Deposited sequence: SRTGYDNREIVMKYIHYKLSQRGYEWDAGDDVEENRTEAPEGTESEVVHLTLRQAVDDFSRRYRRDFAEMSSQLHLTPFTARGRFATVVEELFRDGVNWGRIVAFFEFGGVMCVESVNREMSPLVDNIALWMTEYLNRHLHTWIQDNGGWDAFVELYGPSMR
């Protein structure tokens, strides 16, 4: 369930920053490992991105859509899906930081929709989430 993967990821990301969120564990565990590694490898770029998110209630949807479209423009791979999760999380953290916490539920929806609509076919073709665990899990 791609929704579950999103919800579990946002709860983990928000927890990292001291915030709670009211709304096969090995997939969730391997994703936490991968997003952590990605965030370390791209720490300073993520600092710049967050400083430039300029989140507003009526621009957030387009900001999300433009970044994720560009991200997967050249094709899909597991690293890009990991980057997708970490971007969404950085947006969720910035929404809470800017007293815009209602946007978190929206981001969770947008992420789940994209996963189910534009990423599921590639995931299923390249082995499923089990292949992600085989490649980068324990």
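Residues of the deposited sequence missing from the coordinate set occupy positions 1-5, 29-44, 160-162.
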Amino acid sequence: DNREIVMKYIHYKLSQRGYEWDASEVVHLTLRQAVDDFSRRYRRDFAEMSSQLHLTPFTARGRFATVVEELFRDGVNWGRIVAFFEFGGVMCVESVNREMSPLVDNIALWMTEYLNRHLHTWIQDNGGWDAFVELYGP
From here on, numbers count along this sequence of modelled residues.
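Averaged over Cα atoms, the B-factor as recorded in the entry is higher for 124-132 than for the other of 124-132 and 5-13.
As the entry records it, the average C-alpha temperature factor is higher for 109-117, out of 32-40 and 109-117. Ranking 95, 77, 66, 51 by Cα temperature factor from the entry places 51 first. Ranked within its chain, residue 59 lands in the lowest third, by CA B factor from the PDB record. The PDB entry assigns residue 102 a C-alpha temperature factor belonging to the highest third of its chain's modelled residues.
When the modelled residues of the chain are ordered by their C-alpha B factor, residue 82 lands in the lowest third. Among all modelled residues in its chain, residue 26 ranks in the highest third by Cα B-factor.
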